[PDB]
Every structure is written in C-alpha cells, then in structure tokens.
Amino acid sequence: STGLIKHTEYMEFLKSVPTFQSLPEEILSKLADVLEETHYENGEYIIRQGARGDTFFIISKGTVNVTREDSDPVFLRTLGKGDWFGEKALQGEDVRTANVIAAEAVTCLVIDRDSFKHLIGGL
C-alpha cells in the first residue's frame, strides 16, 4: 500500500537521524504511523514569531532560514535535512520565538501536541 511505502520511507529517514536512531524499533514504528508530511515552497513561512503553536517539524527535504524581529527581522541560522524545530510546542501552550521560512522546496515530517501526548502517554 501507499501508506506502507510512506511508513518505510519515514522509518529509513528517522534511522538516518542520530537523535532518533537511539529510539527502539517499536517506538520508531509507532512514530512513523502518526507522522505526516507537509510541503513548503521557497519563501513560505512555516512558523511565525509570536504565533501560538502546536506542531513539531523534522526536515526531510530542503533547508529553512530561522529569523526574528528584535524590536526588520535578523538572521539566526539555517537548518537542513535531519534538523528539527518547534519542539517547545509539544510540551504545552507555546508562543513561537522565531520565524522559520523555507529557503527552497521543503518537506517536513510533522506531529502535533495532541498526537505526541497520545504517543508518549501510551509508553
């Protein structure tokens, strides 16, 4: 099935990221069952500084720029394949502290707070 082919792709990708390769096979499989892909185009804002957030993003394709207004926005850093962002939104109500903008065609694997709490809660 197409769901199985996507699950196999996500498993291979997670096993290529050292931080996630430390997880047991059982947990990676359950995480790959719930992750979904979101695609972004060059210049598209993935996250905005000051917005409320509920999603965590792992980059599976492309690069993003992280920027913020200190009072025009300043450049903070570029992230790419295997990096992630937005994790504070998984721990509870969160206000984003920086923009994350696609710097080319991007794909992220995403999970929201409700799905993350359900996954962790079942362990």
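Residue positions are given as counts along the sequence shown, with the first one as 1.
Missing deposited residues between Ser71 and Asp72: 1 to 3, all without coordinates in the entry.
For the pair 113-121 and 4-12, the mean Cα B-factor is higher in 113-121. For the pair 34-42 and 87-95, the mean B factor over Cα atoms is greater in 87-95. Residues shown: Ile27, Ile59, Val66, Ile47. Highest C-alpha temperature factor in the entry: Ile27.
Sort the modelled residues of the chain by CA B factor and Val100 lands in the lowest third.
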